[PDB]
2 protein chains.
Amino acid sequence: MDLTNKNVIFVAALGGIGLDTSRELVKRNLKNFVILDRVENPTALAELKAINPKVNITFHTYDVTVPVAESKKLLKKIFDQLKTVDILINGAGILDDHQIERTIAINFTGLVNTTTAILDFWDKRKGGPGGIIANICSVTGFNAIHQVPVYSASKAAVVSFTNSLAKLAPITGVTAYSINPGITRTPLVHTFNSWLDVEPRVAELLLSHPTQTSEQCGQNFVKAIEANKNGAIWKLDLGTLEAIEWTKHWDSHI
Amino acid sequence: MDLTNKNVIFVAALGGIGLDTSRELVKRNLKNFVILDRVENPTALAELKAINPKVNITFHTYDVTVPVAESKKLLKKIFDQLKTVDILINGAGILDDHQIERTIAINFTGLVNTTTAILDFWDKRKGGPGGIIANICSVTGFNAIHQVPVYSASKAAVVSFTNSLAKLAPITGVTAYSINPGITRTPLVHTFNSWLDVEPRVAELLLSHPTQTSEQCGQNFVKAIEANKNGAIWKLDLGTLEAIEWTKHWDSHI
Ligand SMILES: NC(=O)c1c[n+]([C@@H]2O[C@H](COP(=O)([O-])OP(=O)(O)OC[C@H]3O[C@@H](n4cnc5c(N)ncnc54)[C@H](O)[C@@H]3O)[C@@H](O)[C@H]2O)ccc1[C@@H]1CCCCC1=O
Ligand SMILES: NC(=O)c1c[n+]([C@@H]2O[C@H](COP(=O)([O-])OP(=O)(O)OC[C@H]3O[C@@H](n4cnc5c(N)ncnc54)[C@H](O)[C@@H]3O)[C@@H](O)[C@H]2O)ccc1[C@@H]1CCCCC1=O
Ligand SMILES: [Ca+2]
Ligand SMILES: [Ca+2]
């Protein structure tokens with residue numbers, strides 16, 4: 001995929017991983033880069049524009065926990081402006097296992113709903129042009145951090161959902177792949193709520209081990225987008241990009 | 001695990017798989033069998049009691065989409081009656097990918113919330129005695145039916161969540177394992193809503209291939225409970241019981 005002159009919507013572009021990905025995206029000379037996020041960040045937007053003034057950068061406030069009809073309304077506004085969208089990147093996430101409902105609503109339901117909404121515009125069965133979805137999941141969707149079991153289970157859900165989208169591309173015209181960071185250091189310093197406080201020190205304990213920077217992650221993220229491989233399960237860990245082979249434990253035969 | 005004289009709570013005991021499991025459970029001569037389900041079924045309750053009159057069978061109306069505080073209140077009522085509970089079986093599920101929010105609420109959030117609520121009574125850190133949780137997930141949590149991607153993703157979530165619970169048993173005193181049916185024929189005749197109607201004939205197409213009966217499933221379900229293996233990922237497919245080895249793609253190192 002050559003990102004030059006493409007139109008990209010990125011939900012949650014302005015977070016720790018998001019902003020370093022966005023810096024690399026705008027270097028790739030997009031036509032339009034449309035950032036949807038829960039809170040404004042006007043300085044980040046200006047930083048991005050300064051990297052490549054040719055890119056048209058727009059922002060819309062967006063909370064992925066709104067109903068699907070509300071997402072459709074916002075997407076309509078964007079499609080009526082841009083006419084075409086080439087790639088949707090769904091990057092929203094929280095980690096807080098004291099917030100069970102909200103974890104699931106943001107990390108899983110909200111990603112499914114944004115996806116369902118954009119299919120109104122893209123599905124080839126309704127006369128749409130098809131499209132490409134990149135979902136930020138997590139290595140915890142392969143193997144949990146069991147001390148944050150709700151977070152990890154929410155990410156297993158979207159790893160699954162993304163695999164399924166990719167298998168539906170012959171029907172819908174929409175391809176998809178997952179982007180699964182390992183532990184990635186950003187400008188922020190975190191502490192996490194574990195489920196029922198089984199482990200108050202998850203952030204500290206993770207950082208005892210080798211990790212990667214958000215710059216490394218962001219570089220490999222854009223490399224994965226450029227590879228444009230339907231059904232890939234990309235691991236972005238320890239500064240490398242690696243496609244994972246999903247184990248076949250069971251087959252529906254359909 | 002010898003189920004004689006044990007106290008078992010079974011959420012969703014009266015469905016297609018549930019009722020055939022329940023028939024085998026009561027043959028195992030439980031002390032108390034407490035059935036929580038969304039709708040009453042007085043004839044089923046009487047059938048069960050007739051299999052083994054020695055078992056004390058009680059019923060409570062329960063919808064897994066209520067808030068965790070409401071689940072705690074009901075569990076308190078049960079613990080104050082029984083004093084001890086040996087095993088919780090979480091079996092609620094729907095399949096309807098036109099109902100995205102409700103699929104996730106029942107299949108994933110609700111199972112997590114019932115689990116979180118019973119940990120108030122069992123967690124060894126609060127002076128509780130520990131316990132055992134059996135979660136009905138699905139083979140689709142290993143490999144999706146991609147035509148029902150929301151259902152399948154909800155089941156990947158609870159396969160993950162259950163693996164994580166099992167790894168927390170040293171902290172909480174609560175062990176856990178997943179029960180993952182393959183395609184299982186019950187007394188009901190179904191048709192399914194696929195996501196965005198990608199495939200209107202999922203039920204018919206599944207049944208083209210080898211399947212198993214709910215009696216076979218129920219027999220292997222009780223066999224898995226009797227094995228009492230923390231962290232097992234049980235596949236109940238084609239009439240057999242098989243533990244699955246989960247692939248290690250990534251390690252947190254914590
Ligand atoms: N930084 C990491 O190491 C990491 C990050 N993730 C995921 O990568 C994505 C970006 O994470 P981050 O940059 O590290 O975090 P950060 O908190 O900096 O960014 C969160 C982004 O999501 C946005 N957001 C949150 N809630 C909403 C909402 N309701 N509506 C719309 N937008 C919302 C928010 O505004 C921001 O753009 C999230 O999905 C993370 O869960 C995946 C893997 C790892 C995680 C790290 C934690 C332990 C386990 C891991 O595997
Ligand atoms: N029968 C199967 O072949 C099968 C069944 N499951 C799961 O096994 C469990 C039992 O399914 P079943 O007996 O086939 O279905 P059935 O519809 O007969 O039973 C559903 C049970 O969940 C209960 N329930 C539903 N909503 C609620 C709620 N809000 N609150 C409390 N209880 C509720 C309901 O009252 C009933 O006891 C569910 O979790 C299923 O998702 C797992 C695997 C397979 C599925 C079959 C469909 C395609 C993909 C497969 O892998
Ligand atoms: Ca270029
Ligand atoms: Ca016995």
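All values below were derived from every heavy atom in this structure, side-chain atoms included, with hydrogens, water molecules and symmetry-related copies excluded. The chains referred to below are lettered A, B, ... by the order of the sequence lines, with proteins before strands, and numbering in each begins at 1.
- Between the CD1 atom of B:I87 and the CD1 atom of B:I132 there is a distance of 5.0 Å, given to the nearest 0.5 Å.
- Between A:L238 and A:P210, the shortest heavy-atom distance links the atoms CD2-O, 3.6 Å.
- Of the atoms belonging to A:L206, heavy atoms from both backbone and side chain fall under 4.5 Å from chain B.
- Residues B:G91 and B:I136 approach most closely at CA-CD1, 3.5 Å, considering heavy atoms.
- The two residues A:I17 and A:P181 have their closest heavy-atom pair at CD1-CG, 3.9 Å.
- For the set A:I244, A:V139, A:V148, A:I100, the count of heavy-atom pairs under 4.5 angstrom toward chain B peaks at A:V139.
- If you measure heavy-atom distances from A:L119 to chain B, the contacts under 4.5 Å come from the side chain alone.
- With a 4.5 angstrom heavy-atom cutoff, B:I254 touches chain A via backbone and side-chain atoms both.
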Begin from the C-alpha positions of A:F161 and A:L111 and carry the test side chain to side chain contact (heavy atoms under 4.5 Å, CB included) through to its verdict. CA-CA 9 Å; A:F161 181 72; A:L111 184 149; 3.8 Å; yes
Please walk me through it: do A:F142 and A:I233 pass side chain to side chain contact (heavy atoms under 4.5 Å, CB included)? CA-CA 10 Å; A:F142 314 155; A:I233 305 171; 3.6 Å; yes
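- Side-chain contact between B:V85 and B:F121 is absent, with no heavy atoms from C-beta onward closer than 4.5 Å.
- No side-chain heavy atom of A:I89 sits under 4.5 Å from any side-chain heavy atom of A:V11.
- When each of B:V68, B:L196, B:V112 is checked for heavy-atom pairs under 4.5 Å with chain A, B:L196 comes out on top.
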Kindly provide each donor-acceptor pair between chain A and chain B shorter than 3.5 Å, listing atom names and distance.
unit_1, atom_1, unit_2, atom_2, d
A:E101, OE2, B:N113, ND2, 2.9
A:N113, ND2, B:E101, OE2, 2.9
A:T116, OG1, B:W195, NE1, 3.0
A:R125, NH1, B:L196, O, 3.1
A:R125, NH1, B:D197, O, 3.2
A:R125, NH2, B:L196, O, 2.9
A:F142, O, B:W246, NE1, 3.0
A:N143, OD1, B:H249, N, 2.8
A:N143, OD1, B:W250, N, 3.0
A:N143, ND2, B:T247, O, 3.0
A:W195, NE1, B:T116, OG1, 3.0
A:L196, O, B:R125, NH1, 3.1
A:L196, O, B:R125, NH2, 2.9
A:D197, O, B:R125, NH1, 3.2
A:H209, NE2, B:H253, O, 3.3
A:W246, NE1, B:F142, O, 3.0
A:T247, O, B:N143, ND2, 3.0
A:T247, OG1, B:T247, OG1, 2.6
A:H249, N, B:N143, OD1, 2.8
A:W250, N, B:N143, OD1, 3.0
A:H253, O, B:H209, NE2, 3.3

Does the side chain to side chain contact (heavy atoms under 4.5 Å, CB included) test come out yes or no for A:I78 and A:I9, once each step is laid out? CA-CA 9 Å; A:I78 297 163; A:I9 298 173; 3.9 Å; yes
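- Among B:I171, B:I183, B:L168, B:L205, the residue making the largest number of heavy-atom pairs under 4.5 Å with chain A is B:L168.
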